[PDB]
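Novice: as a preliminary step, the opening chains of the complex are given here in situ:
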Amino acid sequence: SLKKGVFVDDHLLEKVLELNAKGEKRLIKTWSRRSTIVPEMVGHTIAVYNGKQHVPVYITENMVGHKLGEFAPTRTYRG
Amino acid sequence: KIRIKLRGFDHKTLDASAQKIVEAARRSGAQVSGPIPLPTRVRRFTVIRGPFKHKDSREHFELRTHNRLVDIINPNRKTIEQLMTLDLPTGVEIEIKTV
Amino acid sequence: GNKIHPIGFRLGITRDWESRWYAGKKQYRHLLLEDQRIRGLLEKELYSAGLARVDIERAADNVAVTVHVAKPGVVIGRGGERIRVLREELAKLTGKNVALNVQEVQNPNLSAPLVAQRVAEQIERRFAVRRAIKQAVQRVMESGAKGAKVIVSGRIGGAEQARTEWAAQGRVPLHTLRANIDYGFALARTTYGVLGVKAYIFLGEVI
Amino acid sequence: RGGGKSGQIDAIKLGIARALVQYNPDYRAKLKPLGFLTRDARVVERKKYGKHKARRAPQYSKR
């Protein structure tokens, strides 16, 4: 992916800074499952946008520098 | 010291030009470097038969453009004069370059 | 049941392009585009009196609006006026330097495009196919070819089953190279569908 | 120069067989039944479209 820098929405930065400016209520409703789970996202509920619903994931650490929607399966039925 | 390049579409009027032009230069001047045959520029195209999904069975096609060269030694008034305007290549353009 | 384009077959020395100018790799595309739009605009809004050749000579800005038409008079204008607006429509849509041409062939039944054009015209106005078309083949053979194959496909009077109709007379060797065959295709369009009109006129050897 | 090494070798056979047939046209009349005059008739045929190696046809199925 990226090499000199790292991709994440700028709106994710700017909206981290706000819900950090209050330590406010839960839910981040990203309408783009792209944007890396870059360090400063702590571990809050991510209702990432699938195409169907809003997959809500409680982030940990074992996932930091690796994409958000990289955690939503979307493709139903496995084997 | 005059280096003229022939850029054309068909060898026919291409050499037909080259004949009179070189002679008219030999006419109103002196020695003229004969119409050298620069390797004819040809392009490659490969389409198929019909629109409907067939991959194999086809028809190939190719672009035909022709390149040549003419030089002289003296910038005579009369050569310049004639070999300037006196032209009708219709569908052929050329390049004047110096050396 | 094919027939590789007899005109695309003629490409040797038996049919010169309908566009001879210099195109240098780059500008060549836009040249082809602009020019094709000229052609296309002509073909309809210049129809009136039927043309074959859509030839154009160009180079640097210079344009040659060259046409082979089956009539010049009632397509040049009552005072050389039809040439005016049209030529300047070209010039307006192709801002450079336009130069009209209305060369005329003294024979209609010679030259397949327009022959087929009339052939399609008759059926377009709902005429009995086989009769009139076969006798049109006979018209062309009252003019003087060595062969004329004017086939006509599509819906024949409707009846769903759109076949193809056999009309011809005299030998036609479109396989042969030095045969010099003008071939012309006319689009037949009935209010009940689309029919095809192919004319094949064979001229002569030693040319 | 040009083409290929071994091909150059064969081309050397031809160049020789053409070099001596020049300065002694008597070797000529006796050299023909050996073939040292013929050039070639075996050049790489064009990649035929529809097949892999210019004649090598791709595999059949049907079933």
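Specialist: That came through, no problem. Numbering: from 1, shown residues only, chains lettered A, B, ... in the order given.
Novice: point me to the residue of chain A nearest chain B.
Specialist: residue A:75 (29.2 Å; Cβ to the nearest Cβ). The way it works is simple: take the backbone N, C-alpha and C, and place the C-beta from them, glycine included.
Novice: spell out which parts of chain D neighbour chain B.
Specialist: Contacts of chain D with chain B, taken as Cβ under 8 Å from any Cβ of the partner chain, map to D:49-50.
Novice: now do the helices in chain D.
Specialist: Applying DSSP state H to chain D gives helices spanning D:5-19, D:25-31.
Novice: cool, and chain A?
Specialist: Per DSSP H, chain A carries helices over the ranges A:10-20.
Novice: hmm, residue C:93 is touching residue C:39, no?
Specialist: No - applying Cβ atoms under 8 Å as the test, residue C:93 and residue C:39 come out as separate, 11.9 Å apart.
Novice: just want the residue of chain C that's nearest chain D.
Specialist: Nearest residue of chain C to chain D: residue C:4, at 15.5 Å (Cβ to the nearest Cβ).
Novice: what does chain C put close to chain B?
Specialist: Those residues of chain C that sit near chain B, judged by Cβ under 8 Å from any Cβ, are C:4, C:20-24, C:57-60.
Novice: check contacts around the nearest residue to residue C:22 once chain neighbours are set aside.
Specialist: Leaving aside its sequence neighbours, residue C:22 sits nearest to residue B:93 (Cβ to Cβ, 6 or more residues apart in numbering or on different chains; 4.0 Å). Counting by Cβ atoms under 8 Å, 6 or more residues apart in numbering or on different chains, residue B:93 touches B:7-8, C:22, C:24, C:59-60.
Novice: how about those, which pair is most distant?
Specialist: B:8 and C:60 (14.4 Å; Cβ to Cβ).
Novice: show me which of those two is the more surrounded one.
Specialist: Per other Cβ atoms under 10 Å in any protein chain shown, whichever of residue B:8 and residue C:60 has more neighbours is residue B:8, with 25 against 9.
Novice: output the residues of chain C next to chain B in a markdown table, with secondary structure appended to each entry.
Specialist: Conversion of the residues of chain C next to chain B to a markdown table gives the following (DSSP: H, G, I helix; E, B strand; the rest coil):
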| residue | secondary structure |
| --- | --- |
| C:4 | coil |
| C:20 | strand |
| C:21 | strand |
| C:22 | coil |
| C:23 | coil |
| C:24 | coil |
| C:57 | strand |
| C:58 | strand |
| C:59 | coil |
| C:60 | coil |
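Novice: tack on chain E:
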Amino acid sequence: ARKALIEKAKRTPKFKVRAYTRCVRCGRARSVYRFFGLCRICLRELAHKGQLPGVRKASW
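Specialist: Same chains as before, plus chain E:
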């Protein structure tokens, strides 16, 4: 669809990686020879019609 597709290529979008070829004399994006700006069948028809310049019925 089809009409808006031409406008999409006509207007030319924001980012570079959004453009796509278009046979202007038929209207198609895939396999459009970006030398003539024409598709495969567009190209074929225009050549056979005794219209395509430079090129010839290749028989090498």
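Novice: same as before for the contacts of residue B:93, with chain E this time.
Specialist: B:7-8, C:22, C:24, C:59-60.
Novice: the helix or strand hosting residue C:196: partners in the sheet, and parallel or antiparallel?
Specialist: In this structure, residue C:196 is located in strand C:193-202 according to DSSP states H and E. Note on strand C:193-202: by DSSP bridges, its sheet partners are strand C:147-153 (antiparallel), strand C:181-190 (antiparallel).
Novice: starting at the chain centroid, how far to the longest one?
Specialist: Taking Cα atoms, centre = their mean, to the nearest Å, the mean C-alpha location of strand C:181-190 is offset from the chain mean by 8 Å.
Novice: what of the shortest one?
Specialist: Taking Cα atoms, centre = their mean, one finds the center of strand C:147-153 at 15 Å from the center of the full chain.
Novice: for that strand, output the C-alpha coordinates as CSV.
Specialist: Extracted in CSV, the C-alpha atoms of strand C:147-153 (Å, rounded to 0.1, in the frame of the first residue of the first chain):
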residue,chain,number,x,y,z
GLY,C,147,-21.7,-7.8,-64.6
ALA,C,148,-24.1,-6.5,-62.0
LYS,C,149,-25.1,-8.4,-58.8
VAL,C,150,-27.6,-6.4,-56.8
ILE,C,151,-28.7,-8.6,-53.9
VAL,C,152,-31.3,-7.4,-51.4
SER,C,153,-31.6,-8.8,-47.9
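Novice: which SSE is immediately downstream of it?
Specialist: Once strand C:147-153 ends, the next helix or strand along the chain (criterion: DSSP H and E) is strand C:164-165.
Novice: spell out which parts of chain E neighbour chain D.
Specialist: residue E:60.
Novice: so how far is chain E from the nearest residue to residue C:173 once chain neighbours are set aside?
Specialist: Closest residue to residue C:173 apart from its sequence neighbours, by Cβ to Cβ, 6+ apart: residue C:179 at 5.0 Å. Here the criterion is Cβ to the nearest Cβ, to the nearest Å. By it, residue C:179 lies 15 Å from chain E.
Novice: so residue C:179 is in contact with residue C:207, correct?
Specialist: No - here residue C:179 lies out of contact with residue C:207, judged by Cβ under 8 Å, at a distance of 9.3 Å.
Novice: here's RNA strand F, drop it on:
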RNA sequence: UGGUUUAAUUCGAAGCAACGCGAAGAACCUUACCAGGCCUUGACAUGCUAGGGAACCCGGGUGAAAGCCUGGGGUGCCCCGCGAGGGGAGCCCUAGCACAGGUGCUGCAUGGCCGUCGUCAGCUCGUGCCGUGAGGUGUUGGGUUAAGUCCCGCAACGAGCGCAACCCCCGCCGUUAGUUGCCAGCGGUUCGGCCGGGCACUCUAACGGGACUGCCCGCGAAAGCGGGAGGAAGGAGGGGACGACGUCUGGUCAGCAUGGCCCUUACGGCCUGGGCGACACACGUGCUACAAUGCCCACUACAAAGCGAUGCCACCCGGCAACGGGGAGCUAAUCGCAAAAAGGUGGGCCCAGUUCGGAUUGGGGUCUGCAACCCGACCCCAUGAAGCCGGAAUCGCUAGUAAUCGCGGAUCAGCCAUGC
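Specialist: Below is RNA strand F, added to the chains above:
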């Protein structure tokens, strides 16, 4: 591709002739499938009414963009006036409106394109004869050929589209041409055809010549036949493009057209993501392999073709590499891709799942592009699996053909290219 599954898994082609097939460049583009947000006199076009603002540059809010409310400046030109005044068009808008739109269905509505039998060797006309006539005839009869190609017979003698043939690619020679070439001729040489000069030789590209069983020996009632000669080229010299009359109610309105049919603030548009990459099998076509004609490391040479100006990039430097920084030259037979590989010369490996094989996978970088999770490619360390030559049965191949090995291109930011 089949399936199954999936919110959705865009559609089509179905023995042979569908299965690396349209598709020769699916990250969102493409895009026609799902969901949601939105738009709707519409993404486009042609036009009437009421009124307005000229056009038009620009800003915020706002969100995923699509989109939505709203905000500053603004006032060219035309009919009469050194003042005021009204209206016209370029123009964008709001309401009715004529209207557009569909990658919605029908190839059993179609042109066109094409696939096919299949390079099949056929198809057929004039005139004469045969029969009451349909019609037979030729063309039914025998050798031979790639051939309805050629000879013989014969109620027929021909002729046409095909066959061939002329057009081209390709080997020998001819005329012209000289920033590719060239000491072949000579002068010099940091000894490079680099510095002068020639066009013979390479060559490059247009007009040509050359081969016809033409000739020599024999055979055959002829066609034809064996052998031989001159020849670069022997009896069809090699490959192409050429594909009849016509069968298939073949396929495709989802490239394109066009009959009908249906919908019409939605079966139309945008945007955004997800998806067409799913996995329990099956199958088609393909790649590299399982290896000592072998693989690994070192060293030196012969390609044709195509591509290349916001492209090709030489070059130097940077990094283990990926690739990046500085930086010459070219719209090119004159600058570059470019490193051909096979060969060959030198050493290893020493019959082991082996230094054979690169599949799985993690660990980190770069490059692409807004952005690479599902979804790119490239590189560096490591894991180094399966696999020790493949039964029922089947692919192709008659001469520069099998196989082996490399190269360029189309589309392309990139690349899923083992494709063409």
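Novice: got the CA positions of the strand holding residue C:196 in CSV?
Specialist: Extracted in CSV, the C-alpha atoms of strand C:193-202 (Å, rounded to 0.1, in the frame of the first residue of the first chain):
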residue,chain,number,x,y,z
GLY,C,193,-37.8,-3.1,-39.8
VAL,C,194,-34.4,-2.9,-41.6
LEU,C,195,-33.5,-4.5,-44.9
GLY,C,196,-30.2,-4.5,-46.8
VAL,C,197,-29.4,-3.4,-50.3
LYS,C,198,-26.1,-4.5,-51.9
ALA,C,199,-25.1,-3.5,-55.4
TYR,C,200,-22.1,-5.0,-57.2
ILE,C,201,-21.1,-3.4,-60.4
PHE,C,202,-18.1,-4.9,-62.4
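Novice: does any bit of that strand sit next to RNA strand F?
Specialist: Yes - legend: contact between strand C:193-202 and RNA strand F by Cβ under 7 Å from any atom of the strand is shown at C:193-196, C:198.
Novice: need the residues of chain D near chain E, please.
Specialist: residue D:46.
Novice: do I have it right that residue C:68 meets residue C:103?
Specialist: Yes - the criterion here is Cβ under 8 Å, and residue C:68 meets it with residue C:103 at 5.3 Å.
Novice: list residues touching both of the two?
Specialist: Between them, residue C:68 and residue C:103 share the contacting residues residue C:53, judged by Cβ under 8 Å, 6+ apart.
Novice: could you point out the longest helix of chain C?
Specialist: Under DSSP H, the helix in chain C containing the largest number of residues is helix C:25-45.
Novice: who does it touch, helix- and strand-wise?
Specialist: Here helix C:25-45 touches helix C:82-93, going by 3 or more Cβ pairs under 8 Å, 6 or more residues apart in numbering or on different chains; DSSP states H and E.
Novice: does chain E sit close to the helix it packs on?
Specialist: No - Helix C:82-93 lies apart from chain E when judged by Cβ under 8 Å from any Cβ; the minimum separation is 15.2 Å.
Novice: what's that helix in contact with?
Specialist: Taking Cβ under 8 Å, 6+ apart as the rule, helix C:82-93 contacts C:37-38, C:41, C:45-46, C:63, C:65, C:75-77, C:97-98, C:100, C:102.
Novice: many thanks, we can stop here.
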